[PDB]
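# Observations on chain architecture
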Amino acid sequence: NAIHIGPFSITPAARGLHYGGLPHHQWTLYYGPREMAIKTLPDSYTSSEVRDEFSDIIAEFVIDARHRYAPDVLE
Amino acid sequence: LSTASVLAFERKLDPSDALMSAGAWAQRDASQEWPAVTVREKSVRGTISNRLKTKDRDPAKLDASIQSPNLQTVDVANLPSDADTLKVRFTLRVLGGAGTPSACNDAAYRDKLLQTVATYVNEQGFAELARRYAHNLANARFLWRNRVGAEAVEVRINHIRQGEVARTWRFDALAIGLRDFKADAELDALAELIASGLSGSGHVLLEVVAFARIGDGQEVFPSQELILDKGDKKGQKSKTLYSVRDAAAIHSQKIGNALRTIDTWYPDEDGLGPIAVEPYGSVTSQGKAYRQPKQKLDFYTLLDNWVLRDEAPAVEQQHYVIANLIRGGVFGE
Amino acid sequence: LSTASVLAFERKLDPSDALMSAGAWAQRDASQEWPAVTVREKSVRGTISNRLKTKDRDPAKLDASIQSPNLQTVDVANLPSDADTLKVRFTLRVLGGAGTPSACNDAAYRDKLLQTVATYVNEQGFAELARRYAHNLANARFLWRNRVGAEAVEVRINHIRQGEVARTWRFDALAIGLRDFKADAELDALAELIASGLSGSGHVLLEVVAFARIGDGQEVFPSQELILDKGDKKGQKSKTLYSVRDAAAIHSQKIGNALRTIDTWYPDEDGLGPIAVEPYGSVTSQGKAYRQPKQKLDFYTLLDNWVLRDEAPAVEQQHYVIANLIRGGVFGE
Amino acid sequence: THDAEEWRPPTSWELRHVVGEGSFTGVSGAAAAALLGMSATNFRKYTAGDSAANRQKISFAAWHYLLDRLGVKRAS
Amino acid sequence: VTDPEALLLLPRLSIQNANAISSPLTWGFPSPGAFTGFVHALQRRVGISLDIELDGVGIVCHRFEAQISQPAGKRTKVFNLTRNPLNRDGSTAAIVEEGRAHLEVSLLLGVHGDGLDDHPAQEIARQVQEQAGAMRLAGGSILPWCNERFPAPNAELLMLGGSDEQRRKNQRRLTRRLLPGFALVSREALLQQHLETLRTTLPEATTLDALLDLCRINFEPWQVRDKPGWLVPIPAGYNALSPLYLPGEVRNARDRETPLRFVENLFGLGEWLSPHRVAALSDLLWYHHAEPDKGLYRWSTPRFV
Amino acid sequence: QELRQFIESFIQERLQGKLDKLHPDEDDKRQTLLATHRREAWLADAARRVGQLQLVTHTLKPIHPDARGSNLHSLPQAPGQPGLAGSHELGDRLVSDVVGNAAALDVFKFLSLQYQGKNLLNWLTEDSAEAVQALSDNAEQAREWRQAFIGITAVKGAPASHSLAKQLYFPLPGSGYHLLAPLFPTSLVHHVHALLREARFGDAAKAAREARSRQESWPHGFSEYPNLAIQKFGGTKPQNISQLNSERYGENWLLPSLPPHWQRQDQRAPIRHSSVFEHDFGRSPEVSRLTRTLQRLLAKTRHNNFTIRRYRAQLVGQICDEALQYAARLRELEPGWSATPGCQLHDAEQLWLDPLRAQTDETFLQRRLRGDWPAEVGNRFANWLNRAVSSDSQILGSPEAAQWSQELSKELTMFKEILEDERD
């Protein structure tokens with residue numbers, strides 16, 4: 001059950017683990033082929049919770065791309 | 001007369017949070033620059049080890065449950081790999097005036113209580129309770145698991161009157177057992193000191209330092225913290241150790257529970273050893289309460305029979321209820 | 001009579017964290033100032049080697065994934081380029097009193113369990129279990145992957161009675177196999193020492209040092225930590241090795257698991273070799289439970305038949321149950 | 001590029017940079033279909049991902065006009 | 001309301017297992033009502049017997065150590081508890097949460113009576129030290145003497161005695177021993193000023209004490225609106241929700257010789273400030289005063305600026 | 001009177017809810033018992049579980065695990081102290097909890113089921129003239145409904161404290177003491193819990209947190225509350241006291257009342273290699289954040305400068321006080337004031353951070369080790385402030401720049417006076 005936020009995709013790791021007694025899965029956030037992040041999120045997380053677990057990294061990517069590819073300024 | 005609606009006894013024998021440090025044996029006289037034992041984290045992977053339900057025997061389901069790895073993060077505390085001696089230090093202040101409650105609604109009840117405890121001190125001193133307290137300070141009962149399997153435990157007690165030391169005691173904590181209560185001249189002198197502190201005849205301050213000879217790099221056991229679970233959330237660190245300013249520590253109430261392990265008069269047995277004093281005297285390890293109220297040997301009915309009904313109990317039960325007075329509590333309806 | 005609700009056994013055979021250092025062979029008698037093996041970082045470019053889904057086995061997508069490979073930072077530990085011998089040092093205490101639990105509810109259950117363990121000690125000593133523990137100390141099984149492909153392994157074991165060495169054992173850890181339990185005079189003396197420790201007739205502390213001749217600059221394998229999340233704020237760190245202060249180290253539970261690899265009585269086979277004693281004795285590397293509860297040979301059914309219904313199993317399974325008691329654990333509802 | 005000899009149509013991943021609720025423009029497929037004068041289904045044909053599952057590629061004029069109307073490229 | 005004749009400094013008091021919650025809205029430093037109760041109990045125990053009266057407290061909090069933890073998936077914090085003994089049936093207890101902490105604080109106490117007249121300053125300070133080293137401050141024990149051998153003795157400093165420049169110099173040399181921490185004052189006037197300049201939008205008062213002491217993030221006109229000091233919520237005192245009651249007519253009272261009332265907690269704004277920022281050292285003294293005609297049982301520190 | 005027309009529909013909805021779990025044997029008797037109080041005989045249910053469980057706006061429940069007492073809900077106004085807050089003016093929907101053990105919350109629901117738009121739920125407690133039509137029957141059912149409504153919100157009257165009720169002495173002006181028993185302000189903590197849920201959660205706060213996650217605009221800010229502690233009530237059954245809902249499972253979260261420095265018990269700033277040479281490096285997160293906030297204020301106002309300059313002067317004074325506190329914290333953790341490599345600023349940093357008088361810095365080192373050198377420390381602090389606050393060329397063109405220069409000079413003079421007075 002992958003999650004698609006524009007060009008970003010968050011996929012689970014196809015076999016979980018037991019952390020602290022509770023079942024967890026590793027979710028990987030990719031921007032296409034480039035692997036951006038991995039988190040270990042528990043089961044009984046809704047897809048919204050998985051979404052705003054990675055929303056901060058997505059927002060930092062947006063800030064960096066907006067500052068890096070800013071157009072020129074004439075005065 | 002009746003029992004007061006409010007009744008509140010401030011505790012005597014206030015201990016400090018016992019701090020841990022580490023060093024080598026035969027350097028324990030110069031054990032003031034000994035560095036603290038710190039709390040680290042590590043990772044554990046285990047397997048399925050608890051009892052399974054009868055509906056969950058199911059060998060394919062068991063093999064499926066094995067193949068999901070079980071990982072935790074665990075707070076740990078160890079000695080350094082070149083130090084074999086754990087040094088645990090706390091301070092203990094004895095106040096005196098054990099009879100007066102901090103709150104009482106009835107004035108006649110508190111006056112009868114004051115004359116009852118005054119007659120109790122008049123019949124005999126605190127010397128039985130003070131001798132048992134000096135025993136629990138003599139053997140290192142406050143080293144809870146740090147004493148188990150230790151090679152040599154040695155306790156130093158410093159009575160500090162002014163800014164320097166007034167007197168010192170030197171005990172071999174493994175010679176003094178944890179079961180029976182001996183008599184020794186240094187131990188009886190220490191017993192006289194704690195008795196004079198308990199009688200209101202002074203304010204006693206002691207510094208207790210215990211050296212356990214465990215081994216190089218071995219595990220020590222400070223107190224564990226209480227984390228109530230974040231159930232619908234991520235997995236938590238499933239062990240947390242108590243620390244005061246990055247030093248492994250035992251709780252004050254843990255040392256206090258270790259000190260008042262004096263009750264050898266509970267009606268169930270006498271060979272299992274002393275237990276801690278409390279109303280409905282109950283030890284958490286056994287999960288079972290000695291001094292049940294269906295027998296007339298718990299603290300509350302003994303206090304009501306001594307004060308309200310003027311039925312003075314036996315002298316060991318008077319020791320028990322006086323030790324409950326020193327321990328303190330919030331008693332009432 | 002039923003089993004208790006809470007019941008917990010503290011572990012005997014407490015090992016410390018094993019520390020790694022490096023040096024040259026034939027200087028191993030002067031191996032006291034050998035410098036520690038340090039954990040460094042290096043960069044790793046990961047190729048594509050997993051099984052594909054076959055919904056993603058299109059050649060253009062495969063070449064597009066190969067064109068942009070991913071990169072990690074990895075903790076690594078090697079010997080120095082001039083040193084060829086890994087030294088791994090830890091301490092192990094044998095305590096004794098293996099039958100007594102540290103927690104119980106029922107008094108009748110713990111009395112029946114105590115006399116069951118007492119009858120076990122009276123029929124035969126701890127000689128079989130301590131013989132197998134001395135074997136797992138003799139071969140350097142606690143070097144998990146560091147033993148694999150070693151040229152020569154030598155184990156020095158020191159019984160440490162006072163602050164100095166009481167006795168010295170020297171073992172060729174490759175001559176003592178990992179498969180069968182032989183008989184040797186020095187090994188039987190070490191087994192008698194461990195059995196005297198387990199019976200409460202002494203306080204046993206051992207220093208175990210292992211020397212493995214691996215090669216110049218070769219990779220050693222310390223214990224491995226746990227990583228929950230990974231991002232660009234780190235170095236995309238995907239592997240973390242365990243380390244005490246500044247030294248590559250092995251977890252104490254790793255040495256403990258390699259110590260109790262003594263179970264040769266599991267019903268599936270015996271040509272594979274010993275596994276670690278566990279309730280429903282399982283191997284994580286094989287993903288499978290030997291001693292399933294469907295058969296009557298797991299720890300819980302054997303213990304309940306031995307204690308409650310007095311069905312004493314075979315002496316091999318009695319060794320297994322008492323080894324599980326020595327291992328410790330939380331047994332109950 | 002404006003040169004039609006060197007232009008290639010965007011893939012679905014490149015198309016999701018500008019069209020979609022998670023895209024950087026924040027413009028849904030229905031609004032982007034209404035910008036191009038199409039239906040939502042004919043525009044969702046562009047956003048499938050593989051050439052087998054009824055997916056055609058967007059044209060040169062429609063792609064550059066969409067980049068004009070989203071405020072991404074000026075496309076004079 | 002009363003300028004003290006001299007000032008006593010309880011130098012470095014170490015406290016273990018003190019109460020942290022102290023209020024149903026705050027959890028940090030304990031309320032100043034505990035310190036006023038401490039100086040009143042010290043006046044009861046050793047103050048009366050020396051022809052001395054004690055009036056107020058200055059507190060500076062050299063160090064703080066809460067027994068809390070962050071539960072690994074949330075930005076909030078939970079409290080660390082202790083294992084109570086089992087019930088009479090031996091089942092379990094009822095978990096009621098308490099918050100313990102560790103404190104290092106100094107106390108500044110004012111005196112008006114015959115301070116240097118009947119007794120010298122040193123013996124007064126020494127017996128007040130010996131008295132205060134046997135009780136508890138805020139629910140937790142006063143931690144007794146450890147290898148801090150240096151900071152033991154007090155300094156009974158005459159307030160108005162000497163030249164005024166010499167007064168500023170001796171109060172500066174007393175403030176030299178209280179630089180590590182930061183003193184605590186009441187900020188009712190700044191609360192009222194922000195309340196009146198907020199009431200142009202809406203006439204509410206507790207929303208002010210909410211909005212005074214958080215990190216207000218205002219958007220792009222991304223900035224953080226800020227107060228110049230350390231603004232904290234404090235329990236402002238006690239306001240009665242019931243009339244006066246006689247000692248006997250209420251059951252389960254603490255004493256049947258003392259009148260009772262049912263009360264609610266007044267909450268206000270305090271301020272932690274560096275002790276060099278106040279020039280007169282008698283400004284920091286927290287007095288508690290009763291207005292028993294109505295419910296106002298207030299602790300504050302008037303005559304502060 | 002709405003019970004004859006609309007309260008009949010409310011009782012029919014309650015009967016349909018009670019008969020949703022309706023079966024032939026036991027559920028038929030349950031539907032009969034619901035229909036006995038479903039058309040007009042709800043006074044029987046009010047006699048059963050309507051007035052037997054009543055509570056006030058401040059329950060004495062959380063003061064202990066089980067403390068016997070009456071949670072009175074009085075004191076609707078107490079604005080005596082004009083420097084405090086609390087229950088002086090609640091006003092906006094002062095809620096009440098059902099203090100007790102009554103599981104019959106249907107009466108608490110029916111108190112508001114006809115309360116909105118009808119006088120039955122509002123006049124049923126007292127003045128039940130609308131309850132004559134609210135019963136929908138004769139005088140017996142109306143009398144039972146009026147009696148249950150009167151017994152619902154009835155005050156206890158006879159006061160009862162407990163051992164577990166926090167009885168406290170308060171001293172009087174020159175006389176004895178008063179006994180005090182604080183109640184737990186359940187309505188007040190529920191009001192601030194609703195305010196904190198509206199601040200922390202909610203769609204406006206989510207939109208503002210998105211508009212601050214990126215640097216875009218939104219025409220209102222938001223609020224963040226660090227160090228909110230959580231306190232639980234009761235345990236696994238958080239309804240022994242009411243107003244503790246399913247999501248509010250004993251959840252009482254508390255705002256911080258902390259001292260300024262919470263952590264760093266170890267000496268975070270030693271005289272190291274990178275710091276002993278450059279003593280004005282500012283090894284502190286709070287001092288660095290304050291310096292960044294002071295440097296961010298660079299614009300000038302046409303009419304806000306008259307307060308903005310005073311605010312900047314207060315910020316500079318707070319920065320100087322933080323520097324003095326950092327010097328004191330460094331002086332508290334210097335047992336051996338010994339020079340090491342990388343401590344090349346030891347003429348100024350080792351003098352201003354000078355420990356107690358060592359043997360090397362003896363009386364013979366009365367200008368080297370025991371020298372009161374506050375001028376060099378003040379010059380280094382002024383250089384660090386000028387590097388942190390670089391004034392513009394036309395910044396002093398208005399009075400704000402000259403006021404900032406005078407404030408920096410006065411703060412440096414006060415720091416030099418404190419260092420010279422503390423220099424032996």
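Residues numbered from 1 in each chain as written, not as in the entry; some residues may be left out. Chains lettered and ligands numbered in written order. Part of a larger assembly, values for the part shown. Heavy atoms only, no water. Residues with missing side-chain atoms left out of burial classes, pairs and counts.

## Examining the overall build of chain B
Rules: Secondary structure is summarised from DSSP: a helix means a run of H or I of at least four residues, a strand means a run of E of at least two, and numbering begins at the N terminus for each. Contact definition: two residues touch when any of their heavy atoms are within 4.5 Å.
Across its full length, chain B carries 7 helices and 16 strands. Each of the three principal axes of chain B carries a C-alpha extent, and together these read 70 × 55 × 35 Å. Of all intrachain contacts in chain B linking residues separated by at least 6 positions in sequence, the fraction that spans at least 24 positions is 73%.

## With respect to the domain arrangement of chain B
Residues and elements named next belong to chain B. To keep things clear, this is the line we draw: Domain boundaries shown here were taken from an automatic or database domain assignment. All residues other than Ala, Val, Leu, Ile, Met, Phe, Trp, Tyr, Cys, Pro, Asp, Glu, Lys and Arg, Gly among them, are scored as polar; the first ten of these are nonpolar and the last four charged.
Taken domain by domain, chain B holds domain 1 (1-10 + 98-125 + 262-333) and domain 2 (11-97 + 126-261). Here the C-alpha centre of domain 2 lies 28 Å away from the C-alpha centre of domain 1. Listed per partner, the contact involves 23 residues of domain 1 and 21 residues of domain 2. With 5 residues, helix 7 (residues 315-327) is the single largest residue contributor to the side of domain 1 that touches domain 2. Classifying every residue of the side of domain 1 that touches domain 2 by side-chain character gives 13 nonpolar, 6 polar and 4 charged.

## A short note on the sheet that holds strand 7 (residues 103-104) of chain C
Residue and element names in this part refer to chain C. Our working definition: Strands were regarded as paired on the criterion that DSSP finds at least two bridges between them.
Pairing is antiparallel in the open sheet, where 3 strands are placed in the order 7-1-17. With one partner strand each, in any of the chains shown, strand 7 and strand 17 (329-330) form the two edges of the open sheet. Taken together, the 2 bridges between strand 1 (residues 7-9) and strand 17 define a ladder with antiparallel strand orientation. Looking at the pairing, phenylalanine 9 lines up with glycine 329 of strand 17.

## Looking at the sheet that holds strand 11 (residues 237-239) of chain C
Within a sheet, adjacent strands bond to each other through the backbone by hydrogen bonds, running parallel or antiparallel. All names here are of chain C. Test applied: To get an axis, a line is fitted to the C-alpha atoms, and for a helix only the part in contact is used. The angle between two axes follows their N-to-C directions and goes from 0 to 180 degrees.
Taken together, the 3 strands give an open sheet; going across it, the order is 4-5-11, and neighbouring strands pair in mixed fashion. If you trace the sheet from one side to the other, it starts and ends with strand 4 (39-46) and strand 11, each paired once. The mean inter-strand angle of the sheet, taken between neighbouring strand axes irrespective of direction, is 40°. Examined bridge by bridge, strand 5 (residues 70-77) and strand 11 share 2 bridges and lie parallel to one another. Bridging from a neighbouring strand, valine 74 pairs with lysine 239 of strand 11.

## What about the pairing of strand 11 (residues 230-240) of chain E?
Residue and element names in this part refer to chain E. Note: strand 11 against strand 12 (residues 260-273), 10 bridges, orientation antiparallel. Bridged to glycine 237 within strand 12 is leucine 266. Examined bridge by bridge, strand 11 and strand 14 (residues 296-300) share 2 bridges and lie antiparallel to one another. What sits directly across from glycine 237, in strand 14, is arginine 298.

## Focus: the interface of chain E and chain F
Note on interface size: it is often stated as the accessible area lost on association of the parts. Between chain E and chain F, the contact holds 74 residues from the first and 71 residues from the second. Per-element accounting of the side of chain E that touches chain F gives the leading share, 10 residues, to strand 12 of chain E. Looking at the side of chain E that touches chain F, its residues break down into 43 nonpolar, 14 polar and 17 charged. Pairing between strand 5 (residues 77-79) of chain E and strand 4 (residues 229-231) of chain F: 2 bridges, direction parallel. Directly across from E:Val78, in strand 4 of chain F, lies its bridge partner F:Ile230.

## Here's the deal with the arrangement of the chains
The chain pair with the greatest number of contacts, out of 8 pairs of chains in contact, is formed by chains E and F. Across all C-alpha pairs, the smallest distance from chain C to chain D is 11 Å, and the two are not in contact. As for chain E relative to chain A, no contact occurs, and the smallest C-alpha gap between them is 10 Å.

## Quick notes on the interface of chain A and chain C
Taken together, the contact between chain A and chain C spans 10 residues of the former and 10 residues of the latter. With 7 residues, the single largest contributor to the side of chain A that touches chain C is strand 5 (residues 34-42) of chain A. In the side of chain A that touches chain C, the residues fall into 5 nonpolar, 2 polar and 3 charged.

## Thoughts on the packing of aromatic side chains
Basically, it comes down to this: Ring geometry is summarised as follows: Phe, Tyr and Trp rings, the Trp one being its six-membered ring, pair when their centres sit within 6.5 Å, and such pairs are stacked at plane angles under 30 degrees, edge-to-face over 60 and tilted between the two. Only when the NZ atom of a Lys or the CZ atom of an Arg is both within 6 Å of the ring centre and within 35 degrees of the ring normal do we say a charge sits over the ring.
Plain terms: the ring middles of B:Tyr300 and B:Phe331 are 5.7 Å apart, the flat faces sit at 80° to each other, and that makes the pair edge-to-face. Here B:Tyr300, found in helix 6 (residues 299-307), pairs with B:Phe331, found in strand 16 (residues 329-332); they are 31 residues apart in sequence, far enough to count as distant. Taking the centre distance of 4.7 Å and the plane angle of 50° together, the rings of C:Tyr266 and C:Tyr290 count as tilted. On the criterion of sequence distance, the pair formed by C:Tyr266 in the loop between strand 13 (261-263) and strand 14 (275-276) and C:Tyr290 in the loop between strand 16 (288-289) and helix 6 (299-307) is long-range, its members being 24 residues apart. Aromatic rings pair up to connect A:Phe8, A:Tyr31, A:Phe61, D:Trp13 and D:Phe24 into one cluster. Lying across the ring of A:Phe54, A:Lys39 places its NZ or CZ 5.7 Å from the centre. Above the ring of F:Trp253, the side-chain terminus of F:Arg200 is found at 4.8 Å from the ring centroid.

## What to know about the domain arrangement of chain E
Residue and element names in this part refer to chain E. As far as domains go, chain E holds domain 1 (4-181) and domain 2 (182-301). Between the C-alpha centres of domain 1 and domain 2 the distance comes to 20 Å. Every contact between the two is made by 31 residues of domain 1 and, on the other side, 21 residues of domain 2. Looking at the side of domain 1 that touches domain 2, the elements that each hand over two or more residues are helix 1 (32-47), strand 2 (54-59), strand 6 (100-111) and helix 4 (164-175). By residue number, the principal contributor to the side of domain 1 that touches domain 2 is strand 2, which donates 5 residues. Residue composition of the side of domain 1 that touches domain 2, by class: 16 nonpolar, 13 polar and 2 charged.

## Comments concerning unusual backbone geometry
One non-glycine residue with positive phi stands out, namely C:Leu13, at about 55°. Here C:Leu13 is to be found in the loop between strand 1 and strand 2 (14-15). Even without being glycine, E:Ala72 reaches a positive phi, approximately 65°. Take E:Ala72: it is sitting in the loop between strand 4 (68-69) and strand 5.

## Here we look at the pattern of salt bridges
Opposite charge on two side chains lets them pair, provided their charged atoms get close. For clarity, the threshold we go by: We define a salt bridge as a side-chain nitrogen of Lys or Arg found within 4 Å of a carboxyl oxygen belonging to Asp or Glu.
Here E:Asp255 and B:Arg110 are joined by a salt bridge, their closest N and O atoms 3.1 Å apart. Here E:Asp255 is found in the loop between strand 11 and strand 12, whereas its partner B:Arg110 is found in helix 2 (residues 107-123) on a different chain. With a shortest N-O distance of 2.7 Å, D:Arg8 and D:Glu14 are connected by a salt bridge.

## Some details on the packing of helix 3 (residues 127-138) of chain C against helix 7 (residues 315-327) of chain C
All names here are of chain C. Inclusion rule: Handedness of a crossing is defined here by the sense of rotation of the near helix relative to the far one, left-handed for an anticlockwise turn of less than a right angle and right-handed for a clockwise turn.
Direction vectors running N to C along helix 3 and helix 7 enclose 65°, while the axes themselves pass 10 Å from each other. Relative to helix 7, the crossing made by helix 3 is right-handed. Contact residues: helix 3 offers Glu128, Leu129 and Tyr133, while helix 7 offers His319, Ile322, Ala323 and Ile326. Each residue belonging to the contact of helix 3 with helix 7 can be placed in one class, and the counts come to 5 nonpolar, 1 polar and 1 charged.

## As for the environment of A:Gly16
Tracing the backbone shows A:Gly16 in the loop between strand 2 (8-12) and strand 3 (17-19). The residues contacting A:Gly16, other than those within four sequence positions of it, are A:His24, A:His25 and B:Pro69.

## A word on the environment of C:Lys61
Residue and element names in this part refer to chain C. Residue position: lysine 61 is located in helix 1 (residues 59-67). In this structure, the C-alpha to C-alpha distance between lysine 61 and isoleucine 214, residues 153 residues apart in sequence, is 42 Å. Every residue in contact with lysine 61, bar those within four places of it in the chain, is listed here: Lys55 and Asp56.

## Topic: the pairing of strand 6 of chain E
Residues and elements named next belong to chain E. Across 10 bridges, strand 1 (residues 6-19) lies against strand 6 in antiparallel orientation. Among the inter-strand pairings, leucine 13 is bridged to a residue of strand 6, identified as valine 105. As judged from the 4 bridges shared by strand 2 and strand 6, these two strands associate in the antiparallel manner. Looking at the pairing, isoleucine 59 lines up with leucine 107 of strand 6. Pairing of strand 3 (residues 63-66) with strand 6 involves 4 bridges; the strand directions are antiparallel. Looking at the pairing, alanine 66 lines up with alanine 101 of strand 6.

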